[PDB]
């Protein structure tokens, strides 16, 4: 079961189409994906399916919407970005000035 | 003290950001050009080393590029697989051999430039011509600069805090920002930049950061229980304490790694005119194409598995749990608990690096739609938010101590 990656290769070459050599390279790598698919892939499929059950299991640890922790994070990163920018200004204004 | 470690690293990186035969104005003209998106990428990775035309032009990118290489030598060359696993001694000889691969990589990369990039006093300058005295002085100044940065980063990882190099480039791009935003608001009074799209890029930046911090909010805490009565009789409970295991670690390692491995072959390999097929392949190697970012992603996730597997050593953690007196009722201690935490941590962190690659890919489509390049990039937004978050959490964490 390596089929979905090759369908994704078809989709990625179709995205790369719309200027001929790059679309040909995307098609060539899609052909390489099919060559890998010509002959583990079903075990990779079942592994990723297991990983998606694990994903959901780990979704249960994802903290649901909180506007407060959002604003905490928000203001933290806004503050930190302002800090780095003030660092950057204190350095490059007088350094470029000099 | 602890106050002096932070103000020593701060001072070191402040004279780094001041110090960070080629007429540089010509290059400053060349960086206003599309179709080589990777140049702008080199000024992010360089946080502006080739915009400022630094003395160290590509930075610390060779060093990180060796740290992956050796991990291959752990796999291949079992004689090498035995010396990597050989314990304490031998490792500092491997670290000096990583240094010696770096140094021959800086030699090799200077060859790659002065063969590949130049062959014109626009790409070169007036003092440094295609003679081997100019070639040699060029290589000498660029390798001496990268060595200075290598030594300074071997003093800051040890007697200073964390990484540092991340923050070096990071402050290079934040201080590269005000002209770039000056240009955007000059083109905002022009119809080049439309005001709807520019506030759209400001809000997509804000919502991707929100997604980052949402991936950071819920982690996964495993409640383990301790039944403990201290023999002093001041006995209260059987207490269930969660181990709040966290996702992706201390600087997304395959992003920085993958970026060094992206930017090495486009200068050295693809720039050989004299061979022609190799030059054509280098020209194709443009990050306007989905193939490169897919292969980079596959690299990153595999590399992420490896790096994370490096970070934790689950048996020590498990021994600690036996030492600290907590138990998950029903699972055999040791290997089964080991195997358990390992499979689960893999399955989580893999999803983490996946969504990391998802937040990584979209800004590039934003950069195709807007015309953005190595500036607001899908790789660097994430790494800057996580370095700042990490260090301030580690600062509060070590402020309790």
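Numbering starts at 1 and runs along the chain as displayed.
Cβ coordinates are placed from backbone N, Cα and C, and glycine is handled just like the others.
Feature annotation from Swiss-Prot assigns intramembrane segment to B:39-48, B:49-54, B:55-74. Residues or ranges marked as topological domain 'Cytoplasmic' in Swiss-Prot: B:75-93, B:157-161, B:216-251, B:305-355. Look at Swiss-Prot and you will find B:110-142, B:179-201 tagged as topological domain 'Periplasmic', backed by a curator's inference. As annotated by Swiss-Prot, transmembrane segment applies to B:6-18, B:39-74, B:94-109, B:143-156, B:162-178, B:202-215, B:252-265, B:289-304, B:356-370, B:372-388.
Taking every recorded stretch in B:39-74, B:94-109, B:143-156, B:356-370 and counting its Cβ pairs under 8 Å to the transmembrane segment (B:162-178), the highest total belongs to B:39-74. Here the topological domain 'Cytoplasmic' (B:157-161) has, by DSSP, the following mix of helix, strand and coil residues: 0 helix, 0 strand, 5 coil.
A break of 3 residues separates residue B:274 from residue B:275 in the model, and their Cα atoms lie 5 Å apart. In the deposited model, 5 residues between residue B:20 and residue B:21 are left unbuilt, and the Cα atoms flanking this gap sit 17 Å apart.
Here the listed stretches are B:39-74, B:143-156, B:252-265, and the one with the most C-beta pairs under 8 angstroms to the transmembrane segment (B:356-370) is B:252-265. The list of residues near the transmembrane segment (B:143-156) in space but at least 6 beyond its ends in sequence, with Cβ under 8 angstroms from a Cβ of it, reads 9, 12, 16, 54-60, 62-63, 99, 102-103, 106-107, 110, 164-165. Within the chain carrying the transmembrane segment (B:372-388), a Cβ under 8 angstroms from the stretch's Cβ atoms is held by residues 34, 37-45, 163, 166-167, 170, 173-174, 176-177, 180, 201, 205, 208-209, 212-213, 248, 251-252, 255-256, 259, 356, 359-364, 366, all 6 or more beyond its ends. The residues of the topological domain 'Periplasmic' (B:179-201), classed with DSSP into helix (H, G, I), strand (E, B) and coil, number 15 helix, 0 strand, 8 coil. Counting same-chain residues at least six beyond the ends of the transmembrane segment (B:252-265), those with a Cβ under 8 angstroms from any Cβ of the stretch are 38, 41-42, 45, 58, 61-62, 64-65, 67-68, 109, 166, 282, 285, 287, 292, 296, 299-301, 303-304, 307, 353, 356, 360, 379, 382-383, 386.
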